[PDB]
Amino acid sequence: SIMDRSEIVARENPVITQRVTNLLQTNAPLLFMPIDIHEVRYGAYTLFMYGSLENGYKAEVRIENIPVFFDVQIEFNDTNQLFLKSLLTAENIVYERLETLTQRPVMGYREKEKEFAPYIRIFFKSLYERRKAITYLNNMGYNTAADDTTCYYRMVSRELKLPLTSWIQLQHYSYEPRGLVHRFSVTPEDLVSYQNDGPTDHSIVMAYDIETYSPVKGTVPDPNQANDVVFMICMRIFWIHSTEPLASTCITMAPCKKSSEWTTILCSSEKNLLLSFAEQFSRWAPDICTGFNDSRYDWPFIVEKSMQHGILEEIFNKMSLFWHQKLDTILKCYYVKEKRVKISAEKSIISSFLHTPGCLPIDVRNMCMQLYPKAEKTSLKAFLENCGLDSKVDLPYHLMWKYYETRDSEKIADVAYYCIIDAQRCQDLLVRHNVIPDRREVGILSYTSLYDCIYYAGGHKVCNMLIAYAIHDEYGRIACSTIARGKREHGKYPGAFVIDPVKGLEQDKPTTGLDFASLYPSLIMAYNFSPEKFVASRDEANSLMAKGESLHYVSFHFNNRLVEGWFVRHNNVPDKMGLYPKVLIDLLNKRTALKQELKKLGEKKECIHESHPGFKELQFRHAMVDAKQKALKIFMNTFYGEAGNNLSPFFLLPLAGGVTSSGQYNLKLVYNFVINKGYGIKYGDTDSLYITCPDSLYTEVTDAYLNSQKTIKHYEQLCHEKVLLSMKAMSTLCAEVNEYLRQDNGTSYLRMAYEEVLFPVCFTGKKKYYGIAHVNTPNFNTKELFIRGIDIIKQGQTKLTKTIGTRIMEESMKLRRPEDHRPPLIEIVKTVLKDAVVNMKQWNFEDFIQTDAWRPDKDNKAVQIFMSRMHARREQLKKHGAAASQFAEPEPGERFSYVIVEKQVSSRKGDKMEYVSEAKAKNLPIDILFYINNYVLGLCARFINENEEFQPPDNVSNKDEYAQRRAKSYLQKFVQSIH
DNA sequence: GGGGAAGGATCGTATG
DNA sequence: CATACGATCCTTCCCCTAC
């Protein structure tokens, strides 16, 4: 009584399935979407594309006769061809046939006459022979183009204009049915990409969750232990873009009540449990598998228990659409172990999953941390609360273990419900964050598969997109390589132009940030930074300068040596434009067009009410345009990172050095121009300059304030006029700066932008500033603060960090008369901290709660001391004949909530720990001083750790974490003094 | 890896 | 005036996630 994928799809959309089968009967062209891409390495190369048709059917399509090739840059001739033939034959490499052609080298500028270079293309039958031949030819010093060595489906995506994450049209195929999967065989000239907006996708995502058991109480279950078992396997199948359950199931050992919302299958053993899981997987055939933290606890434990019982081979072969495979191949090539997934520049994750062909695995946790690289709490509850979704049901783990042990068939239904809701929340997060469409659009722009957009970094994607744009081209097939060459020199680039910030509470004149709009791509656009326009020899550069060519000179100090170079300018002619400027200009034009389209779609969505039967497609188009513009942004902001990476094939030290030096030169020019115009400089950071208007421009506006009744409302009037005059003057300042830049570099791709006005403002140090933000009209009554640098977004251990950090900032940023004896930042911190300490009643009890875990095997000192004190108290109460029921020990692994209390005359954390129930029973003081000292002063020290008094002497090595110690000690002394 | 709690001697310094 | 306090350098898990 189990319903397979075909019947479910037929039940969902009958008319679409009828149209699909009518098209299939007549062998008409149809539509396909790939999700997981698998390729065979040995033997004849056939590329398998797994995915879904437009109704929801599972389709495998194999692309036969893909041309497998790579290019070598030698002079084409009979003698050279014979020599290369002998070289390939001597090291027993099987070749198919050879071709000759002409291509443009990517490194080094050449004139028009010598623009093309001869290349010989080697055709091959298998990928293994190609990899051996490419290694042999690279070891002999020959140059190699179209030289991908890791994955070859990127070659198929690049050469054929065939995105592997977008729709593909099947024409002239060969259908063959084998049940739940439909097999097509296609010739690569019979495949085309679907240009316009495709229909609604109908892929299937299976969200699964596992609940386990361990005889050793209070310890996380471990796969290696023999007694450790899985007992709940709960999984649901959803659409790619919906949260409604298509079909749900629970696979169990312990008896459970029949439920009308999901199907429960009873298994008498763990082996039968795993086989039932595999059978339901095979019957449903997910396009995508998912689950929260499934690559670190779920899949390893499943595969370890499958290996222990010796059923891994049969489970894999039932769950995979590929042919039969043996256990060694499954453990070697398909079960990945210790794979590294990158979040940011300093964070990496270890993941392990079973990549069965026909289904692509995604961790919800990996996407959640990729979208929020600075997230501090990475639990499911934390992400659910941040994203504003329904939280998990309150079921403790020890209660689950106890109810499993009692074998009570009635209430294991609650355990199943908890596991199914945990499965639901994963795809709830996936739909709410719109991860899969964003990855699809990244793949469309990058010509990669979805697997690469999920588990690989974006730098390789940018490199792939650049190669894809280069190889097609409009002016003659620019050829480029992929593997890196030359010595990977390591060093530090020259430092940025440091501008000393004028620290303090600036509330006499407004400041405003002039920002370079996409500075590094703009300099790449303007100065024609491309590898094929680079000249290294000085004599060649002089010869080009002789024949009426415009060049840009770059010179920088790297590793104590002078690196110099010349770049050929395009002179505002698209024919002479380089590869990087062409790619960036195309991406910027696309971004502008989609910005216009998104504005029109948003206006239409605001116009059209939700009751009309057209809101779904409008929201769906809005989702596509938002995803597309986000992908365009993430590729455009990554060009400099890929250009500066040493491992990149396109890496060129003059290119990165010239980009940095040109940014330096333009920032210096803007700085000098602004100073010579009379304006002031407050802060400068790479691409941003904060400008303060001259005093004289305000004079008349100030004069009416001095001759008035001199009241408060007069001062808000003064501030209002101040902001208006600042905006009006500095818009013209920005226009003149743009005109000067255009007159300097000769192009119009480098412009400045007027982001918002900051008044009053506070710069506390390097990359640490805040203030009131004004966008078009002044509003000083707002509670929204423009913040950068200060880590106010930190829940930490208490909510007092939030409250006091906000209160300091708000007390600093209000308007004050020039006759109210303006206190500096340190005095404001002093008075707000005194107000916090003295006025105890302003706080509530719930902000003083902390949570901890009681694990009687770990050497957690404070928890050990608290539990020892509680045990001593319980023994003392029992000796006195007192029923210490609410003093009882927690169950092992059970989280408990505590507070800190005053202890009259140790100072350790443990002796002040008390239970929440005990604290509310006795109404004890909550010892605000300890909380303030250990949690609030960390943030409060960030505000005054650049003052003159808190400075190191000259004879000290460490300069960063050496003044905050004195700041914290000074605040400690002040807090202890105020009593 | 980055922050949280806990443990020890001696110089730096002070006082009845 | 020689003891007693105290803070800094430095060292060791523990929490983090999933049960």
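Residues numbered from 1 in each chain as written, not as in the entry; some residues may be left out. Chains lettered and ligands numbered in written order. Heavy atoms only, no water.

Method of structure determination, per the deposited record: cryo-EM was used for this entry, reaching 3.2 Å resolution.

If you look chain A up in the PDB entry, it shows as DNA polymerase from African swine fever virus. The header of this PDB entry states its title as "The structure of ASFV DNA polymerase in editing state". According to its UniProt record, chain A has this under Catalytic activity (unreviewed entry): "DNA(n) + a 2'-deoxyribonucleoside 5'-triphosphate = DNA(n+1) + diphosphate". Database annotation for chain A, UniProt heading Function (unreviewed entry): "DNA-directed DNA polymerase involved in viral DNA replication." (UniProt positions renumbered as here; feature names shortened; annotations may be inferred.)

Visitor: Would you mind showing me how to read the overall build of chain A here?
Guide: Each helix and strand counted, chain A has 30 helices and 32 strands in total. For 979 residues, the compact-globule estimate of 2.2 N^0.38 gives 30 Å, and the C-alpha radius of gyration of chain A, at 33 Å, lies within 12% of that figure. Overall size of chain A, expressed as C-alpha extent along the three principal axes, is 95 × 90 × 65 Å. Out of the 979 residues in chain A, the part that is buried amounts to 50%. Taken as a whole, chain A presents about 48000 Å² of accessible surface, with 51% of it coming from carbon and sulfur. (Helix = DSSP H or I, 4+ residues; strand = E, 2+ residues; numbered from the N terminus. Rg over C-alpha atoms; globule rule 2.2 N^0.38 Å. Buried < 20%, exposed > 50% of the residue type's maximum accessible area, 1.4 Å probe, protein only. Areas by Shrake-Rupley, 256 points an atom, 1.4 Å probe, with all protein chains shown as cover.)

Visitor: Just checking my understanding: could you explain the side chain of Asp927 for this structure?
Guide: The topology assignment puts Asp927 in the loop between α28 (916–922) and α29 (928–940). For the buried residue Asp927, which engages in no salt bridge, the nearest side chain bearing the opposite charge is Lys912, 4.9 Å off. A polar contact of 3.0 Å, which involves the side chain of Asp927, links it to the backbone nitrogen of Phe930. (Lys, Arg positive; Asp, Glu negative; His and termini not counted. Salt bridge = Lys/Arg side-chain N within 4 Å of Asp/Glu carboxyl O. Polar contact = N/O pair within 3.5 Å; in protein donor to acceptor, adjacent residues only side chain to side chain.)

Visitor: Please clarify how the packing of aromatic side chains should be interpreted in this entry.
Guide: Any pair of aromatic rings gets described here by the distance separating the centres and the angle formed by the planes. Under the criterion given, the structure shown has 49 aromatic pairs. Consider the rings of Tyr683 and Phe763, whose centres lie 6.2 Å apart with planes at 45°: the pair is tilted. Placement of the pair is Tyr683 in strand β25 (residues 680–685) and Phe763 in strand β27 (residues 752–765), with a sequence separation of 80 residues. Accessibility classification places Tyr683 together with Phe763 in one group, the buried group. (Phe/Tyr/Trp six-rings, centres within 6.5 Å; stacked < 30°, edge-to-face > 60°.)

Visitor: What am I meant to see in helix α13 (residues 412–433) here?
Guide: Because each turn of an α-helix spans 3.6 residues, side chains separated by three or four positions end up pointing in the same direction. In this model, α13 (22 residues) spans 32 Å end to end at C-alpha, consistent with the 32 Å of a helix rising 1.5 Å per residue. α13 sits mainly inside the fold: 18 of its 22 residues count as buried. Of the residues trailing α13, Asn434 is marked for its positive phi of about 55°. (Expected span 1.5 Å × (residues − 1).)

Visitor: Can you walk me through a positive patch on the surface in this structure?
Guide: Taken together, the side chains of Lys377, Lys381, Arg855, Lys858 and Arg895 present a region of like positive charge at the surface. If you trace the backbone, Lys381 turns up in helix α11 (residues 380–386). Assessed through its relative accessible area of 51%, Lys381 is described here as exposed. (Patch = residues over 30% accessible without salt bridge, like charges linked within 9 Å, V, L, I, M, F, W, Y side chains within 5 Å. Charge placed at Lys NZ, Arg CZ, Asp CG, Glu CD.)

Visitor: Which parts of the structure should I look at to understand the environment of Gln507?
Guide: Tracing the backbone shows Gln507 in the loop between β20 (504–506) and β21 (511–516). Residues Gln507 and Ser648 lie 141 residues apart in sequence; the distance between their C-alpha atoms is 48 Å. In this view, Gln507 contacts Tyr715, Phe759, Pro760, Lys814, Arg816 and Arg822; residues no more than four positions away in its chain are not counted. Within the structure, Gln507 has its side chain in polar contact with the side chain of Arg822 (distance 3.3 Å). (Contact = heavy atoms within 4.5 Å.)

Visitor: I'm lost on the protein's contact with DNA strand B in this one. Help?
Guide: In the vicinity of DNA strand B, the residues found are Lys861, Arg908, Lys909, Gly910 and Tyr935. Counting only atoms of DNA strand B within 4 Å of the protein, the sugar-phosphate share comes to 100%. One of the side-chain N or O atoms of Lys861 is found 3.5 Å from a sugar or linking oxygen in DNA strand B. A distance of 2.9 Å is found between a phosphate oxygen of DNA strand B and a side-chain nitrogen or oxygen belonging to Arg908. Residue composition of the surface near DNA strand B, grouped by class: one nonpolar, one polar and three charged. (Near = heavy atom within 4 Å. Nonpolar A, V, L, I, M, F, W, Y, C, P; charged D, E, K, R; others polar.)

Visitor: For this particular structure, what's the right way to read the pairing of strand β6 (residues 117–124)?
Guide: If a strand is regular, its side chains alternate between the two faces of the sheet. Summarising burial for β6: eight of the eight residues are buried, a large majority. Pairing geometry for strand β4 (residues 68–72) and β6, over five bridges, is antiparallel. What sits directly across from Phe70, in β6, is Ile122. (Pairing = 2+ DSSP bridges.)

Visitor: Would you mind showing me how to read the domain arrangement of chain A here?
Guide: By convention, interface size is frequently given as the accessible area that disappears when the constituent parts associate. Taken as a whole, chain A is organised into domain 1 (1–201), domain 2 (204–433), domain 3 (659–797 + 805–819) and domain 4 (846–977). Each of domain 2 and domain 3 has a C-alpha centre, and these two points are 52 Å apart. (Domains from an automatic or database assignment.)

Visitor: Looking at this model, I keep getting lost on the protein's contact with DNA strand C. Mind explaining?
Guide: In the vicinity of DNA strand C, 23 residues are found, and the nearest of them are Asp209, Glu211, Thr378, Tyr397 and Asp859. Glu211 has a polar side-chain atom sitting 2.8 Å from a sugar or linking oxygen of DNA strand C. Between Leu380 and DNA strand C, the recorded distance is 3.2 Å, taken from a backbone N or O atom to a phosphate oxygen. Looking at the surface near DNA strand C, the elements with two or more residues in it are β12 (204–213), α12 (397–406) and α13. Considering each element in turn, the surface near DNA strand C owes the most residues, four residues, to β12. For the surface near DNA strand C, a count of residues per class yields seven nonpolar, five polar and eleven charged.

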